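Here is the structure we will look at, set down as structure tokens.
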Amino acid sequence: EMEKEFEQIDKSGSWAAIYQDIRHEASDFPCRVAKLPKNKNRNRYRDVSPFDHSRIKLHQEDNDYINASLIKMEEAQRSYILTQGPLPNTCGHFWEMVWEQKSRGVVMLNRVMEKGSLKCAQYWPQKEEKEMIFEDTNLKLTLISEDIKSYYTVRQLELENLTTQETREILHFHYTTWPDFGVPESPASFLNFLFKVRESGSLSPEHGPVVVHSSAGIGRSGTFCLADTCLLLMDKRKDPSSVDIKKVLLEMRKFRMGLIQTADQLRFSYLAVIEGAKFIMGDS
Ligand SMILES: [Cl-]
Ligand SMILES: [Cl-]
Ligand SMILES: [Cl-]
Ligand SMILES: [Cl-]
Ligand SMILES: [Cl-]
Ligand SMILES: [Mg+2]
């Protein structure tokens, strides 16, 4: 019914109303830790906080707080860490989380600067010879390689725990062609980017959850996980047409508030899961 509904909703013009309905029905759990006075500067927005139940804790004694949630989808058998776009003061925390949660990939869907606005801190080194050292979390990050394609860029970064000198390779998947405003006209490059992230094995049970982060203004980390989880479901269930994107989204929203930030992203999501289920069906 995916396309049937899409068409009805699109024809009747009820996207904002359908999106609003999800906002009203979405889970509401406490974010006590996120709201503590000491963590005011660790949050980009007071309106996007991690629920206490699913928040990612840093293994620091001082303050274990970071604005990030573990989204665990049982049926799809996929975990993701959804976090806000790093802040200038939270980059060491961000990588500390990447390190501690043993993540293999970091997924980014914004450019650091869009239309003259800073969307998130420059949290990774853009130059191989200029590595970054986060002294608060005692970690070093070095750009190792960088493969730049049309719609996206994959980078190999090296994360080093200066305490132990242990090093790890993190894949940075940077989708760079997301429009300044609105959602992409076509879910083509988005889906390709997703299939590429999947191919790296970064979403594999063998690693910690992939970290997908948001960006200032209207974030889009949610689309990536929603589309990805939906496809997994269509491919795993007997009846692929039994996959309810709205229900899946509500399920994810039980782990982090606000996933899918606008009606357009919800529509774009319907779209991407549709075309994508097409590929994974016709090709795969
Ligand atoms: Cl920022
Ligand atoms: Cl939008
Ligand atoms: Cl953000
Ligand atoms: Cl989101
Ligand atoms: Cl919302
Ligand atoms: Mg150079």
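Each position is counted from 1, following the chain as shown.
Per the header: X-ray crystallography, 2.1 Å.
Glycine too: its Cβ is placed from the backbone N, Cα and C atoms.
Positions annotated as phosphotyrosine by Swiss-Prot: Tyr19 (among others). Of all the Cβ atoms in the protein chains shown, 21 others lie within 10 Å of the Cβ of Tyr19 (phosphotyrosine).
Using a 10 Å radius centred on the Cβ of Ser49 (phosphoserine) and all shown protein chains, the other Cβ atoms total 22. What Swiss-Prot records for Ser49 (among others) is phosphoserine.
When Cβ atoms from all protein chains are considered, those within 10 Å of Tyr65 (phosphotyrosine) total 21, not counting its own. When secondary structure is read from DSSP and collapsed to three states, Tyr65 (phosphotyrosine) falls in the strand class. Summarising the annotation, Swiss-Prot assigns phosphotyrosine to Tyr65 (among others).
Taken from Swiss-Prot, the feature phosphoserine covers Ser241 (among others). The Cβ of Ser241 (phosphoserine) lies under 8 Å from the Cβ of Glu1, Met2, each of which sits 6+ residues away along the same chain.
If you look up Swiss-Prot, you'll see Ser242 (among others) marked as phosphoserine, on the strength of experimental evidence. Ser242 (phosphoserine) falls within a helix when secondary structure is assigned with DSSP.
Cα distances from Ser242 (phosphoserine) to the modified residues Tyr19, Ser49, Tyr65 are smallest for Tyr19. With respect to their backbone Cα atoms, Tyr65 (phosphotyrosine) and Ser49 (phosphoserine) stand 11 Å from each other. Within 10 Å of the C-beta of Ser242 (phosphoserine) there are 11 other C-beta atoms, taking all protein chains into account. Rounded to a whole number, the C-alpha distance linking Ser49 (phosphoserine) with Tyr19 (phosphotyrosine) is 20 angstrom.
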